[PDB]
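Below is one structure, written out as C-alpha cells; the observations come after it.
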Amino acid sequence: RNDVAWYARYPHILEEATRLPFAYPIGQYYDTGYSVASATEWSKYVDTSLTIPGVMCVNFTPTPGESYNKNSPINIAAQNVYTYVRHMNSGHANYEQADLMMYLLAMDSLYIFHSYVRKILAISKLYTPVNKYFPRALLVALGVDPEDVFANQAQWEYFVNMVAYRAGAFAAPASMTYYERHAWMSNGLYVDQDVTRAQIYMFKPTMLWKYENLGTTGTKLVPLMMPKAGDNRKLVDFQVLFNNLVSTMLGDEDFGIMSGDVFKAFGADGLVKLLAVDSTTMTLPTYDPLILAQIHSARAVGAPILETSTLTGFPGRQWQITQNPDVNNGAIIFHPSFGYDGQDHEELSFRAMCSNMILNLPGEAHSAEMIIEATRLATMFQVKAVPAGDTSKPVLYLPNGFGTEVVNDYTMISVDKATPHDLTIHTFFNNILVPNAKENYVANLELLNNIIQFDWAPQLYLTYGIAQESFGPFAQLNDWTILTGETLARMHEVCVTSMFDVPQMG
Amino acid sequence: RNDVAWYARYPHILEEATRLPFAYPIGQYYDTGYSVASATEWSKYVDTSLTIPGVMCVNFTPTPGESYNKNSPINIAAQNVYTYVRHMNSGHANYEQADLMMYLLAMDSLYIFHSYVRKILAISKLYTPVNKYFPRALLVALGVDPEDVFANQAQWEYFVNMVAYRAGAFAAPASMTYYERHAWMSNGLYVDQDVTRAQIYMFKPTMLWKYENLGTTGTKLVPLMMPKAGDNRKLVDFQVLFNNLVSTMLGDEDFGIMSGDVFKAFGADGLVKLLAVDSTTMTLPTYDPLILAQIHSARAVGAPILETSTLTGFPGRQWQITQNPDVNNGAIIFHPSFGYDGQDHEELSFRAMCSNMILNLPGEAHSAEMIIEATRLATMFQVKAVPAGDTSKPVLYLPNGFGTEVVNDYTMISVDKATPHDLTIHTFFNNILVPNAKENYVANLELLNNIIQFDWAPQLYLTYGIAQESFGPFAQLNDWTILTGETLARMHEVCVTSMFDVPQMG
Amino acid sequence: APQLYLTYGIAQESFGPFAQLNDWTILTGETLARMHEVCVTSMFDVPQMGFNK
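Residue numbers (the working numbering), protein chains in the order written: chain X, 141 to 646; chain W, 141 to 646; chain E, 4 to 56.
Structure follows, in C-alpha cells:
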C-alpha cells in the first residue's frame, strides 16, 4: 500500500483546475452568458443579468420625542438646562426655558446640515477600483449633482467652511449626547460587512427644522425639506437652503444672548466643535456593529406632513414643534401623525406595520446598551389618527413613542441592467405594495434580491394587490424577540432622557 | 510626484483579474461557447470546437537501399561480413555471402517485430491526467484492440517474452548500427516538444520481410503486412503474424548453422540483445531532436506493392528482395517502384512530389551528422517507371536512392468533435488530394490545423481537384536548403554503407 | 501569428482558430472586459499627481 491521496499525487492538476478570477468590481453590470447556447429562443425566461447594489441611504428626521404636555422628557430637559444656564449667568435674562430648548433644537438642525454638506464634500474624494459606486452613487443618494461638486470644488469648500464658521458661532452643549449622536449618524459611511466590496449605509436628513419666530405666540419649528436622491441639485440650491435655515439667526440679538449664555454656562471646552474641511479631508467607510443593529430594526414612518400636503379629512396634521404660551401652559409640543407617503390616498402597505415588531440581534448574549441601541430607529404605531370630516382618503397613525430621530424612507442605489447601465434610484419604506401588473412582480423580486445583499438591512413587510394579504418580516432572523409598544416606549422614554442630559452645578 | 506605477499601487487587482485556468488536458473535446449569444442562428458559420491531436505515427518499411547489381552497398556489405564470418569459422561452410546477408535482413525484421509487440505491451501502462490519449490512442495507432491488451495481460507478456526467447536464439552483429537504429526508432515514444501536454510521435512498421526460401533459385524476402491503425487486432493475430514470420527459421538447420557462425565470429558480448518485459516494464516519451529532424524531412513513398495488388499496366512490380543465382550474377536485388496508394488509379497527388525537396533545420549552425540524420526518412523520385502495356491506370516512380527505411504513411490520432467524441484515424502521405466537394475543404482544413499542432511535422504538398494545381511545402521554415536527387543519393549511399558496417579481423 | 478563422462559402461552414496552441485557455467576454478595464485604468493613470501618494 502507498495510501497517499490523489490530490497529493497530482497537486498541479488541482491548482490548475481551480484558478478562477474572484473579487469582481461592484458598480458594474455583469452578463453571465448561457450554458445552453440554444436558450436565446426563450427571451425573458433565461435571466443572464447580475447587478450588485452599493448604497442604501437611511432617510431620517430629527425629533424631540413625542411631546404631549409639560411632563414630556424634552420639557423636563428644558427645565434642567435652563436651571443650569440660569444659575451660571447671574443677571437679567428675558428668554424662557422653552426658547432656550428651541434654540438648542435649531442648533441641532444646523449641525446636521453642516455635517450633511461636509459629507457631500468628503465623499467626492473616494475612489477604489473594486467598487465603481464611489463616489457618484453616494452623491446621487445625497441629492446633489455630482459633476457640480467636481467642477466647483473651491466654491463648495468655501461654502462648507463658511457654514462651519457661521453655524459654529452659536454655542451648544457637548455634554448633550444628542448632538454627538447626530454627528455620529450624519457624517459617517458604514459598511454592511468588513470587506472591500462591501455595501455602504448612509444617513441623509429628509427634512430639517427651521426656527420661524412669529408674533407673540412663541416659536414654531417648521420643516425644511432636503434634496431627495436623484435630484441633481447644485451648490446654489444648498446655499439657498442654508440661507433659509439661518435667516432668523444670523445677526439676531436674542439668539446672540442665548448663545453667549450657553457659552458662559458650558465653557469653551464643553461646547460642540464643528469640523473643518479642505482638499485633504476625506471620510472612509468604517465597520460599526451598533449602526447595523439599529438599521436592522429601523421602521420607516413615512413622509413628513407639511402645510402644502392636502391630506383629505386630516387638516392641521403638519409636523411642527410648537411653543404657544397660551396652549398647554407654554409647553413644547410635538406629536406628528405617521403613515403619510406624499400622496392623497390610502397606502395600504402601512396596515402591515400594525403588528408587533421583531427585534433581531446577532450572537446569543445581548447587552442592555446593545439592546437599547438596536431599537433607536424603530417606531411602532399604536392607534389610528381620528379622521375629522365625512370622507378621508389617507389613513394616519399615532405612535406610542419615538427616539431622537425617525426613519422616513430608504433609498437603494444600484446599476441598471439595461444599457447604458446608469444608476437606479429606488425609494421604499419597510412596507412595500405590489399591485397586480406583470411589470411589478419581477421588479419587486429584483428589489428584494437587492435588499438581501445588504447584511443588516431593514425588515420588509410586503403586501399584494390581488392576494389582499401582507406577508410578515422578510429578513433572516438569528436571535430575535417580539417587542410591544410599551416596551419600546419605555426604551424611547429612556433614550430621549439620556440624549438631552446635562450635569449639575454642584 | 510619486512616480509609482498603477500595477504596483494595486497589485491585488492585477492578480485577481488574470487568474485563469491553464493546462487543459488533451484527449478531450472542448466547446468554446459563443461570445455573441444570438449567433446560434448561423449554424456552421460559427466554429465553437477545439480538438487537439495527440499521436502521429510514422508508418515505415525497412529497406537495404536500392540494389541494382553486385556493386550495391548491401552486396559490398555482404562481402565484408562474409569475409569476417568465414575467417573466424575455420571449417566447411555451405552458404554463400548473400544467404548470410539475407539471414541478417530477416533477423532485422524479427527484431522490429519484437520491439513492436514490446511497444504494444509497454504503452499500455502509460497514464497521465493531463493527456487523455494515453494509452488507448497509442494502441489504436499500433493496430491492436486496446481492450485485448488489458484483458489478456499475462498472455500478452508470455507471447512477447517467448518472441524474445525464440528470436533471440539467432545471433546478429551489434557492431552493425542498422539493428541499433531500428531498435532506436521502433521502441521509442517521442514528444514534439519538451512539455507535459506534448504530442507523441511513433514508428510502426507497415510491412516486415518474410524469408521464403524456395527451390534452388536462392532466397526471396517477401512482404508481411502489419496491422494498420484502426484495426482492432487481438493477440491471436499477432501470434499468427509471428508464426508466419519464423515458420521457415525455427528448428531449421541452415539458419542454425548461420546463427552459430555469427555467434563464433562476433562474440556473445558483440551480439544484439533483446529486451525482456514484465509488468514493471514501461517506456516514457522522451525528447529527441534527432528524431524530429528526420520526421520533418520525411517523404512518404506510398503503399508496398504485393502479389495481390492488381496494378494495371505494371506487372511484376511487387516489392521483393531477391537472390536468384542465375540473375545479376547472384546479387541481392531490391528496387521497388513507388507512388502506389493501395488502389488501381492514378493518385494525382504524387505529381506534387516531383519537385526538389526542402531540408529544414532549427538553428543556424548545422553539423554534418545533424544534416545527415535529418535526411534519413527523405526519398525523392527521379524518373517514372515505364508502363509495360497499352493502358495504365497508376503512375509509378523510381527513386535515385533511399535509406535503411522508407516512409509509407502517417497516421494522426485525434478526437472527434461530434458525440460520443471517440478517436479518429486519419492516414495521409506528404501529398494530399482535395477533390471538389463541400465535405472536403473544411475537413482538409481541420487536417492541416491538426498537422500544424505537431512541431516538426512532415512537409505537406496539397493539390486541388478543380484548381488543377498543387501547392508547395506547407510547413514553417527556419533555416532551409534545396536538396537535389544526387546530393540525397550521396547521403543515402553513405548511410547505407555506415549502417551495415563491421570491423576487421586484424 | 494572429489566429485565423476561415469561412468556406462552398460549405456554409467556418473553421475555428488556425494556429498552433501551446498553453491556452478559453476566454469569455467578462474576463476580457475586466482585463481591458484594468489596462485602460492603468494607461490613463498619472503617478505625478497627489492621487494616493
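All C-beta atoms in this analysis are idealised placements derived from N, C-alpha and C, irrespective of residue type, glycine included.
Query: Buried versus exposed, by CB contacts within 10 Å (16 or more), W:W182; Result: exposed
Query: Beta bridge counterpart(s) of W:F274 as assigned by DSSP; Result: W:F274 is not bridged to any residue.
Query: Min CB distance W:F274 to chain X below 8 Å; Result: no
Query: Counterpart residues of W:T567 in DSSP-defined beta bridges; Result: W:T551
Query: Contained alpha helix (DSSP H) runs [length at least 4] in the region 477-565 of chain X, N- to C-terminal order; Result: 508-513
Query: Start-to-end residues for the beta strand (DSSP E) that takes in E:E16; Result: 16-21
Query: Which of helix, strand or coil DSSP assigns to W:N209; Result: coil
Query: Cβ-based contacts, 8 Å cut-off: residues of the region 307-321 of chain W near chain X; Result: none
Query: Residues that W:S189 contacts on chain E, provided the C-beta gap is smaller than 8 Å; Result: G19
Query: Neighbour flag for X:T180 against chain W, beta carbons, 8 Å; Result: yes
Query: Beta-carbon proximity check, X:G283 vs X:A369, cutoff 8 Å; Result: yes
Query: Through-space distance from X:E513 to X:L501, alpha-carbon basis; Result: 11 Å
Query: W:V417 versus W:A408: straight-line alpha-carbon distance, rounded; Result: 21 Å
Query: Distance CB(E:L9)-CB(W:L585) smaller than 8 Å; Result: yes
Query: The region 348-355 of chain W contacting the region 434-453 of chain W, beta-carbon criterion three pairs below 8 Å; Result: no
Query: Contact between the region 195-206 of chain X and the region 538-547 of chain X (3+ Cβ pairs under 8 Å); Result: yes
Query: The region 395-407 of chain W touching the region 218-226 of chain W, judged by at least three CB pairs closer than 8 Å; Result: yes
Query: Among W:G479, W:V642, W:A281, W:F290, the one whose alpha carbon lies nearest that of W:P534; Result: W:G479
Query: Amino acids of chain E, ordered along the chain, whose beta-carbon sits closer than 9 Å to that of X:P269; Result: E40, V41, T44
Query: Selection of the region 158-181 of chain X by Cβ proximity to chain E, strictly under 7 Å; Result: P161, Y170, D171, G173
Query: N-terminal and C-terminal residue of the beta strand (DSSP E) that W:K350 is part of; Result: 347-350
Query: Touching by the beta-carbon criterion (3+ pairs, under 8 Å), the region 576-592 of chain X and the region 621-633 of chain X; Result: no
Query: Contacts that W:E509 makes with chain X (C-beta to C-beta distance below 8 Å); Result: Result: empty, since nearest Cβ-Cβ is about 37 Å, beyond 8 Å.
Query: Closer than 9 Å at the beta carbon, the chain W residues around residue 2 of chain E; Result: The requested residue 2 of chain E does not occur in the structure, where chain E is confined to residues 4 to 56.
Query: Per-residue contacts from W:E586 into chain A (C-beta, under 8 Å); Result: Looking at the structure shown, chain A is missing, and the protein chains on hand are X, W and E.
Query: Neighbour list for W:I153 in chain X, Cβ cutoff strictly below 9 Å; Result: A163, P165, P269, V270
Query: Closest by C-alpha distance to X:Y351, when choosing among X:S315, X:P425, X:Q522, X:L364; Result: X:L364
Query: Cβ neighbour criterion (16 or more within 10 Å) applied to X:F382; Result: buried
Query: Under 8 Å between C-beta atoms of X:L499 and X:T621; Result: yes
Query: Where W:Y581 falls, given that 16 or more other Cβ within 10 Å makes a residue buried; Result: buried
Query: Three-state secondary structure (DSSP) of X:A440; Result: strand
Query: Cα-Cα separation between W:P560 and X:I192, rounded to whole angstroms; Result: 40 Å
Query: In DSSP terms, what W:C197 is bridged to; Result: W:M342, W:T551
Query: Delimiting residues of the beta strand (DSSP E) encompassing W:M365; Result: 360-365
Query: Per DSSP, the bridge partner or partners of W:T603; Result: W:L573, W:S610
Query: Residue span of the beta strand (DSSP E) that contains X:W620, given as start and end; Result: 619-622
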